[PDB]
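Cβ coordinates were reconstructed from backbone atoms using ideal geometry, including for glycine residues, and neighbour counts include every protein chain displayed. Values quoted throughout were computed directly from the atomic coordinates according to the rules given, and no laboratory measurement underlies them.
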Amino acid sequence: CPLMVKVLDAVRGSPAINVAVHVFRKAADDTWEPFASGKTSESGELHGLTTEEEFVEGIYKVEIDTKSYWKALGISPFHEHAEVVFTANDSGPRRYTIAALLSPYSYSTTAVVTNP
Amino acid sequence: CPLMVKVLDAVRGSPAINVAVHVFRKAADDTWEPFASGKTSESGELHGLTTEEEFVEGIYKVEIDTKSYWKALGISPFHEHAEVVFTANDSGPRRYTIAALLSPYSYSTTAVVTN
Amino acid sequence: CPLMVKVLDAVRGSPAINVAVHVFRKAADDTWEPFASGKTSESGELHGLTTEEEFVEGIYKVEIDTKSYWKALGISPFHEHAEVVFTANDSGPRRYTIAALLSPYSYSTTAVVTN
Amino acid sequence: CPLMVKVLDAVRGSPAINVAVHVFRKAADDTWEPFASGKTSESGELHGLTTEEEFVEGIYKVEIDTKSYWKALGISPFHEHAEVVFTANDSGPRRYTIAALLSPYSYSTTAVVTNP
Ligand SMILES: OB(O)c1ccc(/C=C/c2cc(O)cc(O)c2)cc1
Ligand SMILES: OB(O)c1ccc(/C=C/c2cc(O)cc(O)c2)cc1
């Protein structure tokens, strides 16, 4: 798994389950092209977004749909979503974990980048 | 001052000074149009971005140029920038502070919304 | 004001008001002796804890009563309190702001140390 | 594993490896008694601190030695350590993950609490 997303809920102390995630990749014309999407599992994890072959060098945006997550719990949150934008694989293939910790008016995000 | 942005450095324990910040408002065609911008002060703060009259309900994006900040310090960072996207809502008098706490591979952001 | 404490609420997007805060200084016997305390203001801030003369180098603990804050809101929290333990060091004129951003099962804290 | 600790490094974008962790439990006389200790692995995880039988109801403190971690990397950090204090198992047995994300002048901590 070259790219994994993990989402946690800071209000409930739980994984954030069924969170929609959309990944885009910047194209040659500077537009964002759809690249992959999915939703988090019962463990707050989203695996299988892409493959080693498909995950080439580029600028990627990981959009986490936090607003829909909170609304389903009856909370009206501040943000529309949480976006994570980064250059990937420009020094060769790496494994990326994008983690986010969510609250209704705040979020934290970090990356764990490893060389296989 | 209906909108203020505050940026802090989690590595050095200081305000993040001279950081470029751009604010955009979502247009009817779903495109991001420039709304306001500036550079954070010595206290890591950016004031005077807009006025009560101009800051109507809508979807706004605050883009913080974190990459340039870390590069200026010789530190290789993860993110191209930090983006904060939110809806402004009229529900009594509201002032919005968007705060961001920066590290090379991580950031936190919160909103402090007061009367 | 060599030491200020600022507490924010990540659930409601507001200052955390009327939060009890206790500051301790580590004694020679390795026990925590009370140093200063108060309750955060309407802006989530606690000023006037100490003076330049009293705030000497040493190890300090700031304890924030997060549990009472969440209980007052009907929310069951994880932590008994939030504790921030640090050394004050003389290295030119320093002012310390200890900030904390609170959620029911999580908190972030940072130090803003300036001249 | 009723109690696990996970530590991440926000400067390097990596697990925080070889971080010392000490767990204490409040005794009847209100003193902190040593309960368990260990250090994080190459994945930033610390498993096997305790057992279901030993991890009874109580108030626990998890002390993460962040200062020693940073000093070994040549950084002089702000905090002495990061402390996490919580009541455990007072509504019956739960599984606890205590996570922390570290920077030299800041840290974030969250808990993931699950019912097996
Ligand atoms: O079970 B796991 O593999 C696991 C469990 C918890 C985390 C938490 C990460 C995290 C991210 C943040 O942005 C802030 C924070 O305090 C913690 C990661 C992996
Ligand atoms: O105008 B002020 O006096 C002010 C306003 C907001 C902050 C926010 C701090 C903060 C701390 C964290 O640990 C995490 C985070 O996202 C933000 C600080 C000072």
Against the condition in contact with a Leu (Cβ under 8 Å, 6 or more places away or on another chain), aliphatic (A, V, I, L, M) and on the phi < 0 side of the Ramachandran plot, how does residue A:3 come out, does it pass?
yes
Residue that is surrounded by the most Cβ atoms within 10 Å (Cβ to Cβ), among those in the stretch D:1-37 that are among the aliphatic types (A, V, I, L, M) and assigned to a loop (DSSP other than H, G, I, E, B)
D:10
Here, strands (runs of 3 or more DSSP E) confined to the stretch C:2-66 with at least 1 residues that are within 14 Å of ligand 2 (Cβ to nearest atom) and within 22 Å of residue C:95 (Cα to Cα) are C:3-9, C:58-64
Give the residues of the stretch A:93-109 that are over 10 Å from the mean Cα position of the chain (by Cα) and within 14 Å of chain C (Cβ to nearest Cβ), sorted by residue number.
A:101, A:102, A:103, A:104, A:105, A:106, A:107, A:108
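Please go through the stretch B:70-115 and give me each residue that is among the hydroxyl-bearing types (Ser, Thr, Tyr), away from ligand 2 (no atom under 16 Å from the Cβ) and within 14 Å of chain D (Cβ to nearest Cβ), ordered by number.
Keep residues of the stretch B:70-115 that are among the hydroxyl-bearing types (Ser, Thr, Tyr), which gives B:76, B:87, B:91, B:96-97, B:103, B:105-110, B:114.
From what is left, the residues that are away from ligand 2 (no atom under 16 Å from the Cβ) are B:76, B:87, B:91.
Across the stretch B:70-115, the qualifying residue is only B:76.
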Taking residue B:77 as the residue in question, decide whether it is farther than 19 Å from residue B:1 by Cβ and in contact (Cβ under 8 Å) with a residue 12 or more places away in the chain.
yes
Residue list for the stretch A:86-108, restricted to those being away from ligand 1 (no atom under 16 Å from the Cβ) and in a strand (DSSP E or B)
A:87, A:88, A:90, A:92
How many residues of the stretch B:44-60 are of a type outside the set (A, V, I, L, M), surrounded by 15 or more Cβ atoms within 10 Å (Cβ to Cβ) and under 21 Å from residue B:18 (Cβ atoms)? The answer is 3
Qualifying position, being within 19 Å of residue C:110 (Cβ to Cβ) and either in contact (Cβ under 8 Å) with a residue 60 or more places away in the chain or polar (S, T, N, Q) (or both), among B:46, B:101
B:101
Restricting attention to the stretch B:89-115, and to residues there that are of a type in the set (D, E, K, R) and assigned to a loop (DSSP other than H, G, I, E, B), which single residue is farthest from the chain's Cα centre (by Cα)?
B:90
Out of the residues in the stretch B:32-80 that are over 11 Å from the mean Cα position of the chain (by Cα) and within 16 Å of ligand 1 (Cβ to nearest atom), state the one that is nearest to residue A:113 (Cα to Cα).
B:78
Restricting the stretch A:76-108 to residues that are of a type in the set (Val, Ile, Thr) and free of Cβ contacts under 8 Å to residues at least 40 places away in the same chain, which is surrounded by the most Cβ atoms within 10 Å (Cβ to Cβ)?
A:84
Under the condition of being assigned to a loop (DSSP other than H, G, I, E, B) and either within 14 Å of chain B (Cβ to nearest Cβ) or within 13 Å of ligand 1 (Cβ to nearest atom) (or both), which residue from the stretch A:38-56 is nearest to residue A:99 (Cα to Cα)?
A:44
Return the total of residues in the stretch D:57-84 being assigned to a strand (DSSP E or B) and either under 26 Å from residue C:113 (Cα atoms) or touching a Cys at 6+ places or on another chain (Cβ under 7 Å) (or both).
8
Residue C:7 under 10 Å from the mean Cα position of the chain (by Cα) and more than 9 Å from every other protein chain (Cβ to nearest Cβ)
yes
Against the conditions (1) within 14 Å of chain C (Cβ to nearest Cβ); (2) under 14 Å from the mean Cα position of the chain (by Cα), where does residue A:78 fall short? Just the number, please.
(2)
Do we have any residue at all in the stretch C:9-22 that's farther than 23 Å from residue B:99 by Cα, surrounded by fewer than 20 Cβ atoms within 10 Å (Cβ to Cβ), hydroxyl-bearing (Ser, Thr, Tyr) and more than 16 Å from ligand 1 (Cβ to nearest atom)?
no
Do you know which residues across the stretch D:91-116 are closer than 20 Å to residue C:109 by Cβ, hydroxyl-bearing (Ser, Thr, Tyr) and away from ligand 2 (no atom under 16 Å from the Cβ)?
D:97
Condition check: charged (D, E, K, R) and either within 14 Å of chain C (Cβ to nearest Cβ) or closer than 17 Å to residue A:41 by Cα (or both). Does residue A:90 satisfy that?
no
